[PDB]
Amino acid sequence: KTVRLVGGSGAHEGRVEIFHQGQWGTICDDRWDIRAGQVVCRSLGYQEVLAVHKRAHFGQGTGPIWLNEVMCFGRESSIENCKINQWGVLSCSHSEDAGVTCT
Ligand SMILES: [Ca+2]
């Protein structure tokens, strides 16, 4: 599994982290929307997204920020199948790390 949620009350919620080129890294909140939240939640086996969260709601991550320019229509099987302009982000900081709450 290349996606995990960290820092939440339970495993159904947290900061979104994605594993890419040997490293777990985070997602910037700039373009973070409920369609991407649905993709993340369902790829983790949950029926629905309940909320997306910005501004390191579940604490800041460390390490790379892997995604910022990612656009999901909502029915992709994983965030890696959303439209990703590039991997690796220098225009954000971990204070912007994105989060989700699922089912
Ligand atoms: Ca931001």
# chains A, B, ... in the order shown; residues from 1 in each chain; ligands from 1

$ residues_around --residues "segment 62-74 of chain A" --least-positions-apart "2" --cutoff "7 Å" --atoms "only C-alpha atoms" --output "NGL selection string"
:A and (25-28 or 30-31 or 35-36 or 38-39 or 60 or 76 or 82-89 or 94)

$ write_last_selection --atoms "N, CA, C and O atoms" --output "PDB file, in the first residue's frame"
ATOM      1  N   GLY A  25       6.190  10.691   1.797  1.00  0.00           N
ATOM      2  CA  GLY A  25       6.175  12.133   1.726  1.00  0.00           C
ATOM      3  C   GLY A  25       4.733  12.581   1.758  1.00  0.00           C
ATOM      4  O   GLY A  25       3.805  11.770   1.672  1.00  0.00           O
ATOM      5  N   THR A  26       4.552  13.883   1.854  1.00  0.00           N
ATOM      6  CA  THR A  26       3.213  14.444   2.094  1.00  0.00           C
ATOM      7  C   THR A  26       2.627  15.104   0.840  1.00  0.00           C
ATOM      8  O   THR A  26       3.199  15.087  -0.248  1.00  0.00           O
ATOM      9  N   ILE A  27       1.423  15.655   1.004  1.00  0.00           N
ATOM     10  CA  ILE A  27       0.674  16.316  -0.061  1.00  0.00           C
ATOM     11  C   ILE A  27       0.368  17.744   0.383  1.00  0.00           C
ATOM     12  O   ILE A  27      -0.128  17.960   1.491  1.00  0.00           O
ATOM     13  N   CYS A  28       0.648  18.715  -0.476  1.00  0.00           N
ATOM     14  CA  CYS A  28       0.376  20.100  -0.155  1.00  0.00           C
ATOM     15  C   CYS A  28      -1.122  20.371  -0.269  1.00  0.00           C
ATOM     16  O   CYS A  28      -1.837  19.746  -1.071  1.00  0.00           O
ATOM     17  N   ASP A  30      -2.617  23.090  -1.360  1.00  0.00           N
ATOM     18  CA  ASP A  30      -2.982  24.194  -2.258  1.00  0.00           C
ATOM     19  C   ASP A  30      -4.157  23.824  -3.140  1.00  0.00           C
ATOM     20  O   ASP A  30      -5.117  24.594  -3.275  1.00  0.00           O
ATOM     21  N   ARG A  31      -4.108  22.642  -3.742  1.00  0.00           N
ATOM     22  CA  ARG A  31      -5.145  22.190  -4.661  1.00  0.00           C
ATOM     23  C   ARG A  31      -5.955  21.044  -4.085  1.00  0.00           C
ATOM     24  O   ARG A  31      -6.673  20.363  -4.817  1.00  0.00           O
ATOM     25  N   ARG A  35     -12.568  15.657  -4.100  1.00  0.00           N
ATOM     26  CA  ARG A  35     -12.466  14.574  -5.077  1.00  0.00           C
ATOM     27  C   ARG A  35     -11.212  13.755  -4.819  1.00  0.00           C
ATOM     28  O   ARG A  35     -11.228  12.522  -4.914  1.00  0.00           O
ATOM     29  N   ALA A  36     -10.122  14.425  -4.462  1.00  0.00           N
ATOM     30  CA  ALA A  36      -8.904  13.704  -4.117  1.00  0.00           C
ATOM     31  C   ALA A  36      -9.075  12.979  -2.788  1.00  0.00           C
ATOM     32  O   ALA A  36      -8.564  11.868  -2.606  1.00  0.00           O
ATOM     33  N   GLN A  38     -11.906  11.668  -1.654  1.00  0.00           N
ATOM     34  CA  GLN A  38     -12.644  10.453  -1.999  1.00  0.00           C
ATOM     35  C   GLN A  38     -11.722   9.382  -2.576  1.00  0.00           C
ATOM     36  O   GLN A  38     -11.828   8.198  -2.234  1.00  0.00           O
ATOM     37  N   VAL A  39     -10.830   9.766  -3.483  1.00  0.00           N
ATOM     38  CA  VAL A  39      -9.922   8.784  -4.066  1.00  0.00           C
ATOM     39  C   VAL A  39      -9.075   8.142  -2.981  1.00  0.00           C
ATOM     40  O   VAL A  39      -8.894   6.916  -2.956  1.00  0.00           O
ATOM     41  N   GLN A  60       2.172  18.427  11.207  1.00  0.00           N
ATOM     42  CA  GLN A  60       3.068  18.491  10.062  1.00  0.00           C
ATOM     43  C   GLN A  60       3.803  17.177   9.867  1.00  0.00           C
ATOM     44  O   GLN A  60       4.177  16.503  10.829  1.00  0.00           O
ATOM     45  N   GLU A  76     -10.886   7.610  -9.630  1.00  0.00           N
ATOM     46  CA  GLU A  76      -9.606   6.923  -9.767  1.00  0.00           C
ATOM     47  C   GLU A  76      -9.417   5.914  -8.632  1.00  0.00           C
ATOM     48  O   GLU A  76      -9.857   6.133  -7.504  1.00  0.00           O
ATOM     49  N   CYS A  82      -4.532   9.740 -10.469  1.00  0.00           N
ATOM     50  CA  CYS A  82      -4.989  11.088 -10.735  1.00  0.00           C
ATOM     51  C   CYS A  82      -3.975  11.797 -11.629  1.00  0.00           C
ATOM     52  O   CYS A  82      -2.900  11.278 -11.917  1.00  0.00           O
ATOM     53  N   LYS A  83      -4.342  12.985 -12.084  1.00  0.00           N
ATOM     54  CA  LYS A  83      -3.474  13.748 -12.965  1.00  0.00           C
ATOM     55  C   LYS A  83      -2.452  14.483 -12.125  1.00  0.00           C
ATOM     56  O   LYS A  83      -2.808  15.342 -11.321  1.00  0.00           O
ATOM     57  N   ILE A  84      -1.181  14.137 -12.320  1.00  0.00           N
ATOM     58  CA  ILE A  84      -0.077  14.629 -11.514  1.00  0.00           C
ATOM     59  C   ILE A  84       0.883  15.354 -12.456  1.00  0.00           C
ATOM     60  O   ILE A  84       1.433  14.740 -13.382  1.00  0.00           O
ATOM     61  N   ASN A  85       1.064  16.655 -12.230  1.00  0.00           N
ATOM     62  CA  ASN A  85       1.896  17.467 -13.111  1.00  0.00           C
ATOM     63  C   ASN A  85       3.369  17.175 -12.898  1.00  0.00           C
ATOM     64  O   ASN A  85       4.156  17.253 -13.843  1.00  0.00           O
ATOM     65  N   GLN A  86       3.760  16.909 -11.654  1.00  0.00           N
ATOM     66  CA  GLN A  86       5.138  16.568 -11.324  1.00  0.00           C
ATOM     67  C   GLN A  86       5.150  16.013  -9.912  1.00  0.00           C
ATOM     68  O   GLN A  86       4.239  16.268  -9.122  1.00  0.00           O
ATOM     69  N   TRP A  87       6.195  15.263  -9.607  1.00  0.00           N
ATOM     70  CA  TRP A  87       6.445  14.757  -8.264  1.00  0.00           C
ATOM     71  C   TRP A  87       7.559  15.562  -7.615  1.00  0.00           C
ATOM     72  O   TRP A  87       8.586  15.827  -8.244  1.00  0.00           O
ATOM     73  N   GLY A  88       7.368  15.926  -6.351  1.00  0.00           N
ATOM     74  CA  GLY A  88       8.376  16.687  -5.634  1.00  0.00           C
ATOM     75  C   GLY A  88       8.068  18.165  -5.655  1.00  0.00           C
ATOM     76  O   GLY A  88       7.981  18.770  -6.726  1.00  0.00           O
ATOM     77  N   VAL A  89       7.905  18.753  -4.478  1.00  0.00           N
ATOM     78  CA  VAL A  89       7.304  20.067  -4.326  1.00  0.00           C
ATOM     79  C   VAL A  89       8.246  20.949  -3.532  1.00  0.00           C
ATOM     80  O   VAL A  89       8.646  20.586  -2.423  1.00  0.00           O
ATOM     81  N   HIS A  94       5.688  22.071   5.097  1.00  0.00           N
ATOM     82  CA  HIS A  94       4.902  21.062   5.778  1.00  0.00           C
ATOM     83  C   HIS A  94       3.767  21.646   6.610  1.00  0.00           C
ATOM     84  O   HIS A  94       2.896  20.881   7.025  1.00  0.00           O
TER      85      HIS A  94
END

$ residues_near_ligand --ligand "ligand 1" --cutoff "10 Å" --atoms "only C-alpha atoms and all ligand atoms" --output "ChimeraX atom specification"
/A:28-32,54-56,68,91-98

$ atom_distance --atom1 "atom CA of residue 45 of chain A" --atom2 "atom CA of residue 17 of chain A"
15.8 Å

$ closest_residue --among "A:5, A:11, A:18, A:51" --to "residue 33 of chain A" --atoms "only C-alpha atoms"
A:51

$ closest_residue --among "A:90, A:12, A:77, A:57" --to "residue 43 of chain A" --atoms "only C-alpha atoms"
A:77

$ closest_residue --among "A:10, A:3, A:22, A:37" --to "residue 58 of chain A" --atoms "only C-alpha atoms"
A:10

$ closest_residue --among "A:52, A:7, A:80, A:102" --to "residue 34 of chain A" --atoms "only C-alpha atoms"
A:52

$ select_by_dssp --residues "chain A" --states "strand (DSSP E or B)" --output "JSON, numbers by chain"
{"A": [3, 4, 5, 6, 7, 13, 14, 15, 16, 17, 18, 19, 20, 23, 24, 25, 26, 27, 28, 49, 50, 51, 52, 53, 65, 66, 67, 70, 71, 83, 84, 97, 99, 100, 101, 102]}

$ closest_residue --among "A:78, A:15, A:20, A:6" --to "residue 44 of chain A" --atoms "only C-alpha atoms"
A:78

$ atom_distance --atom1 "atom CA of residue 103 of chain A" --atom2 "atom CA of residue 42 of chain A"
9.3 Å

$ closest_residue --among "A:23, A:81, A:4, A:99" --to "residue 49 of chain A" --atoms "only C-alpha atoms"
A:99

$ atom_distance --atom1 "atom CA of residue 8 of chain A" --atom2 "atom CA of residue 48 of chain A"
16.7 Å

$ decode --residues "chain A" --atoms "C-alpha atoms" --output "PDB file, in the first residue's frame"
ATOM      1  CA  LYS A   1       0.000   0.000   0.000  1.00  0.00           C
ATOM      2  CA  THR A   2       1.495   3.317  -1.172  1.00  0.00           C
ATOM      3  CA  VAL A   3      -0.827   5.577   0.872  1.00  0.00           C
ATOM      4  CA  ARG A   4      -1.253   5.911   4.637  1.00  0.00           C
ATOM      5  CA  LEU A   5      -2.972   8.246   7.082  1.00  0.00           C
ATOM      6  CA  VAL A   6      -1.014   9.533  10.093  1.00  0.00           C
ATOM      7  CA  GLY A   7      -1.738  11.613  13.186  1.00  0.00           C
ATOM      8  CA  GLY A   8      -5.479  11.037  13.395  1.00  0.00           C
ATOM      9  CA  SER A   9      -7.743   9.714  16.106  1.00  0.00           C
ATOM     10  CA  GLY A  10      -8.146   6.453  14.192  1.00  0.00           C
ATOM     11  CA  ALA A  11      -6.863   4.874  11.012  1.00  0.00           C
ATOM     12  CA  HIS A  12      -9.839   6.280   9.052  1.00  0.00           C
ATOM     13  CA  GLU A  13      -8.393   9.832   9.274  1.00  0.00           C
ATOM     14  CA  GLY A  14      -5.109  11.708   9.247  1.00  0.00           C
ATOM     15  CA  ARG A  15      -2.375  13.458   7.354  1.00  0.00           C
ATOM     16  CA  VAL A  16      -2.089  11.825   3.917  1.00  0.00           C
ATOM     17  CA  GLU A  17       1.321  10.365   3.133  1.00  0.00           C
ATOM     18  CA  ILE A  18       2.344   8.704  -0.107  1.00  0.00           C
ATOM     19  CA  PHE A  19       5.291   6.411  -0.801  1.00  0.00           C
ATOM     20  CA  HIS A  20       7.297   7.329  -3.915  1.00  0.00           C
ATOM     21  CA  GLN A  21      10.885   6.561  -4.963  1.00  0.00           C
ATOM     22  CA  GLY A  22      11.643   4.915  -1.613  1.00  0.00           C
ATOM     23  CA  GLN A  23      10.326   7.686   0.672  1.00  0.00           C
ATOM     24  CA  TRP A  24       7.082   8.524   2.421  1.00  0.00           C
ATOM     25  CA  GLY A  25       6.175  12.133   1.726  1.00  0.00           C
ATOM     26  CA  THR A  26       3.213  14.444   2.094  1.00  0.00           C
ATOM     27  CA  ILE A  27       0.674  16.316  -0.061  1.00  0.00           C
ATOM     28  CA  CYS A  28       0.376  20.100  -0.155  1.00  0.00           C
ATOM     29  CA  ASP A  29      -3.027  21.603   0.566  1.00  0.00           C
ATOM     30  CA  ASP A  30      -2.982  24.194  -2.258  1.00  0.00           C
ATOM     31  CA  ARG A  31      -5.145  22.190  -4.661  1.00  0.00           C
ATOM     32  CA  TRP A  32      -6.452  19.670  -2.151  1.00  0.00           C
ATOM     33  CA  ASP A  33     -10.140  18.975  -2.704  1.00  0.00           C
ATOM     34  CA  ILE A  34     -12.879  16.539  -1.811  1.00  0.00           C
ATOM     35  CA  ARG A  35     -12.466  14.574  -5.077  1.00  0.00           C
ATOM     36  CA  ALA A  36      -8.904  13.704  -4.117  1.00  0.00           C
ATOM     37  CA  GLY A  37     -10.103  12.914  -0.606  1.00  0.00           C
ATOM     38  CA  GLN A  38     -12.644  10.453  -1.999  1.00  0.00           C
ATOM     39  CA  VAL A  39      -9.922   8.784  -4.066  1.00  0.00           C
ATOM     40  CA  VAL A  40      -7.661   8.436  -1.038  1.00  0.00           C
ATOM     41  CA  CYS A  41     -10.379   7.153   1.246  1.00  0.00           C
ATOM     42  CA  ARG A  42     -11.685   4.542  -1.176  1.00  0.00           C
ATOM     43  CA  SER A  43      -8.162   3.345  -2.076  1.00  0.00           C
ATOM     44  CA  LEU A  44      -7.761   2.597   1.647  1.00  0.00           C
ATOM     45  CA  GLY A  45     -10.945   0.507   1.565  1.00  0.00           C
ATOM     46  CA  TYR A  46     -13.336   3.060   3.088  1.00  0.00           C
ATOM     47  CA  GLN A  47     -16.733   3.633   1.551  1.00  0.00           C
ATOM     48  CA  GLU A  48     -16.662   7.446   1.530  1.00  0.00           C
ATOM     49  CA  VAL A  49     -14.749  10.593   2.309  1.00  0.00           C
ATOM     50  CA  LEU A  50     -16.278  12.747   5.040  1.00  0.00           C
ATOM     51  CA  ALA A  51     -13.866  15.678   5.041  1.00  0.00           C
ATOM     52  CA  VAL A  52     -10.673  17.094   3.577  1.00  0.00           C
ATOM     53  CA  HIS A  53      -8.428  19.219   5.756  1.00  0.00           C
ATOM     54  CA  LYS A  54      -5.801  21.844   5.001  1.00  0.00           C
ATOM     55  CA  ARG A  55      -2.976  23.519   6.942  1.00  0.00           C
ATOM     56  CA  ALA A  56      -1.495  20.458   8.669  1.00  0.00           C
ATOM     57  CA  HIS A  57      -4.716  19.736  10.519  1.00  0.00           C
ATOM     58  CA  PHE A  58      -3.286  16.444  11.856  1.00  0.00           C
ATOM     59  CA  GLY A  59       0.203  17.815  12.428  1.00  0.00           C
ATOM     60  CA  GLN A  60       3.068  18.491  10.062  1.00  0.00           C
ATOM     61  CA  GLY A  61       4.923  15.736   8.277  1.00  0.00           C
ATOM     62  CA  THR A  62       8.645  15.559   7.630  1.00  0.00           C
ATOM     63  CA  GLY A  63      10.601  14.665   4.537  1.00  0.00           C
ATOM     64  CA  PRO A  64       9.571  15.273   0.945  1.00  0.00           C
ATOM     65  CA  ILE A  65       6.366  16.944  -0.031  1.00  0.00           C
ATOM     66  CA  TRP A  66       5.541  14.666  -2.943  1.00  0.00           C
ATOM     67  CA  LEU A  67       2.407  16.185  -4.510  1.00  0.00           C
ATOM     68  CA  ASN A  68       0.808  19.572  -5.007  1.00  0.00           C
ATOM     69  CA  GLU A  69      -0.327  19.675  -8.626  1.00  0.00           C
ATOM     70  CA  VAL A  70      -2.632  16.655  -8.559  1.00  0.00           C
ATOM     71  CA  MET A  71      -6.210  16.717  -9.909  1.00  0.00           C
ATOM     72  CA  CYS A  72      -8.650  13.863  -9.380  1.00  0.00           C
ATOM     73  CA  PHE A  73     -12.062  13.544 -11.001  1.00  0.00           C
ATOM     74  CA  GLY A  74     -13.086  11.321  -8.095  1.00  0.00           C
ATOM     75  CA  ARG A  75     -13.317   7.727  -9.333  1.00  0.00           C
ATOM     76  CA  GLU A  76      -9.606   6.923  -9.767  1.00  0.00           C
ATOM     77  CA  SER A  77      -8.508   3.749  -7.944  1.00  0.00           C
ATOM     78  CA  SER A  78      -5.536   5.524  -6.295  1.00  0.00           C
ATOM     79  CA  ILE A  79      -4.060   9.000  -6.100  1.00  0.00           C
ATOM     80  CA  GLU A  80      -1.261   7.773  -8.367  1.00  0.00           C
ATOM     81  CA  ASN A  81      -3.890   7.478 -11.152  1.00  0.00           C
ATOM     82  CA  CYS A  82      -4.989  11.088 -10.735  1.00  0.00           C
ATOM     83  CA  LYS A  83      -3.474  13.748 -12.965  1.00  0.00           C
ATOM     84  CA  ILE A  84      -0.077  14.629 -11.514  1.00  0.00           C
ATOM     85  CA  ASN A  85       1.896  17.467 -13.111  1.00  0.00           C
ATOM     86  CA  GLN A  86       5.138  16.568 -11.324  1.00  0.00           C
ATOM     87  CA  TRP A  87       6.445  14.757  -8.264  1.00  0.00           C
ATOM     88  CA  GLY A  88       8.376  16.687  -5.634  1.00  0.00           C
ATOM     89  CA  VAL A  89       7.304  20.067  -4.326  1.00  0.00           C
ATOM     90  CA  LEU A  90       9.399  23.098  -3.393  1.00  0.00           C
ATOM     91  CA  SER A  91       6.578  25.654  -3.419  1.00  0.00           C
ATOM     92  CA  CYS A  92       5.015  24.444  -0.160  1.00  0.00           C
ATOM     93  CA  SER A  93       6.009  23.750   3.400  1.00  0.00           C
ATOM     94  CA  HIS A  94       4.902  21.062   5.778  1.00  0.00           C
ATOM     95  CA  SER A  95       2.593  23.577   7.505  1.00  0.00           C
ATOM     96  CA  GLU A  96       0.399  22.999   4.442  1.00  0.00           C
ATOM     97  CA  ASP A  97       0.244  19.206   4.691  1.00  0.00           C
ATOM     98  CA  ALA A  98      -3.138  17.845   3.590  1.00  0.00           C
ATOM     99  CA  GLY A  99      -5.420  15.512   5.514  1.00  0.00           C
ATOM    100  CA  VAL A 100      -8.642  13.511   5.180  1.00  0.00           C
ATOM    101  CA  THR A 101     -11.378  11.946   7.304  1.00  0.00           C
ATOM    102  CA  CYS A 102     -12.969   8.802   5.881  1.00  0.00           C
ATOM    103  CA  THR A 103     -15.976   6.656   6.850  1.00  0.00           C
TER     104      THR A 103
END
